[PDB]
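Residue numbers 4 to 125, 127 to 261, in the authors' numbering, belong to the letters of the sequence shown in order.
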Amino acid sequence: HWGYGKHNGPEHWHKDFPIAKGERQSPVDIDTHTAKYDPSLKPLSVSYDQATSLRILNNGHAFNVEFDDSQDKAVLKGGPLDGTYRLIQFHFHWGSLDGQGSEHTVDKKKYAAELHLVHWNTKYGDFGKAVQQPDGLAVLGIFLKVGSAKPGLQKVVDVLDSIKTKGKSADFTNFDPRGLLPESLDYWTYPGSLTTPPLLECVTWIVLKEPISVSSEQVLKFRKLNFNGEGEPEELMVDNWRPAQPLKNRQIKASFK
Ligand SMILES: NS(=O)(=O)c1ccc(-n2cc(CNC(=S)Nc3ccc(-c4c5ccc(=O)cc-5oc5cc(O)ccc45)c(C(=O)O)c3)nn2)cc1
Ligand SMILES: [Zn+2]
């Protein structure tokens with residue numbers, strides 16, 4: 004039903020998902036001058052050494068690299084978080100042009116794409133329960149800008165031809181998500197939501213200040229994916245991003261001065 008077209012895009016979502024106009028919606032613009040340094044915020048703990056990737060899926064909205072989340076194998080802790088959050092999947096949002104594609108913006112700047120590493124709070129037992137809680141998920145967001153290639157992204161780029169259309173999946177074992185991280189773990193954080201329907205207000209957002217660089221050839225391959233299923237009219241999977249939503253009664257905190 005919902006998507007990113009003129010007739011089913013972000014401006015329409017509220018009709019089926021009234022929380023779209025809620026009090027803690029994502030993404031948002033990060034006004035860097037208004038964000039306040041919070042000296043009490045802990046360093047982020049990204050522990051991905053035991054990660055078990057399984058599969059890559061074109062779900063018609065993006066592609067997800069899925070992980071075994073039946074044990075503490077790849078976890079996010081520290082920062083603004085209380086407890087342990089398990090990595091379940093990552094995906095990206097990207098544009099049709101290098102000048103757009105990110106969901107979060109920084110002083111109104113749009114990046115070419117944005118990576119979301121999605122984690123759920125163990127305390128809640130599984131992902132489905134976690135999305136029903138205001139602190140159920142932690143999403144680590146990383147901006148992508150076009151420049152030098154990201155070597156750790158290439159394995160993802162090269163499998164995309166095998167999942168061109170909605171509903172296609174491929175084996176995707178032994179992928180190391182540490183190869184997608186920038187050098188610095190400096191971040192902004194705020195309480196928000198899923199950025200796609202059902203738009204549930206269950207996410208602690210942690211957005212890294214340092215973007216990663218990917219090559220023009222790498223993002224061009226993202227843009228060859230299809231929203232449609234096999235044997236349907238081709239619609240390129242591009243501009244699968246929700247624009248910035250009102251900040252309302254929220255403060256964005258910075259881990260760094
Ligand atoms: N871009 S992003 O922000 O990083 C992002 C965006 C979307 C997802 N995403 C979206 C999905 C789709 N799967 C979902 S939403 N699962 C799910 C799980 C539980 C419920 C749910 C219930 C499920 C079963 C049930 O018996 C009762 C339920 O009661 C609820 C009450 C709530 O307040 C909220 C959610 C539920 C629902 C849902 O119905 O929305 C959907 N999976 N991952 C992940 C990350
Ligand atoms: Zn996302």
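Yeah, the Cβ is synthetic: ideal placement off N, Cα and C, and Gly gets one too.
May I ask whether a heavy atom of ligand 1 can be found less than 7 Å away from the beta carbon of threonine 200?
yes
Work out the CA separation of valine 109 and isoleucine 22 for me, nearest whole Å.
24 Å
Which residues does DSSP list as the beta-bridge partners of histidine 96?
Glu117
From the DSSP output, in three-state form, read off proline 83 for me.
coil
For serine 99, is the classification buried or exposed, using 16 other Cβ atoms within 10 angstroms of its Cβ as the cut-off for buried?
exposed
Compute the Euclidean distance between the alpha carbons of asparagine 67 and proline 46, then round it to the nearest angstrom.
27 Å
Could you tell me which of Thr177, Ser48, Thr199 and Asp41 sits nearest to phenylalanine 20, measuring between CA atoms?
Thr199
If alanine 142 sits next to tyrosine 88, beta carbons under 8 Å apart, how far is it from one beta carbon to the other, in whole angstroms?
4 Å
Span of the alpha helix (DSSP H), counted from its first residue to its last, around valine 163:
158–163
Please report the distance separating the alpha-carbon of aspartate 243 from that of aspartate 130.
30 Å
Using a Cβ-Cβ cut-off of 6 Å (strictly less than) and excluding sequence neighbours within five positions of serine 166, which residues of its own chain qualify?
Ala174
Give me the Cα-Cα distance between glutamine 53 and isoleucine 91, rounded to the nearest whole angstrom.
13 Å
Candidates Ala65, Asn124 and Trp245, of which the one nearest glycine 81 by Cα:
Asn124
Using CA atoms only, rank isn't needed, just tell me which of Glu238, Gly145 and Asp85 is closest to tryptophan 209.
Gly145
Pick out whichever of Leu184, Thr177, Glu14 and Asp32 has its Cα sitting closest to the Cα of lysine 112.
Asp32
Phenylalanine 226 and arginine 58 closer than 8 Å at C-beta:
no
For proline 186: DSSP bridge partner residues:
DSSP output for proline 186 lists no bridge partner at all.
Confirm, please, whether the CB-CB distance from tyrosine 40 to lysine 213 is below 8 Å.
no
By DSSP, does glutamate 221 sit in helix, in strand, or in coil?
helix
Report back the beta-carbon spacing between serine 220 and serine 152 to the nearest angstrom; my notes put them in contact at under 8 Å.
About 10 Å; that fails the 8 Å criterion.
Status (buried if at least 16 other CB within 10 Å, exposed otherwise) for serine 73
exposed
Given a cut-off of 8 Å, decide if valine 161 and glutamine 255 are closer than it, judged by their beta-carbon atoms.
no
Inter-residue CB distance, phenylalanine 179 and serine 50 (contact presumed, cutoff 8 Å):
In fact, because the Cβ distance is near 16 Å, the residues do not count as touching under 8 Å.
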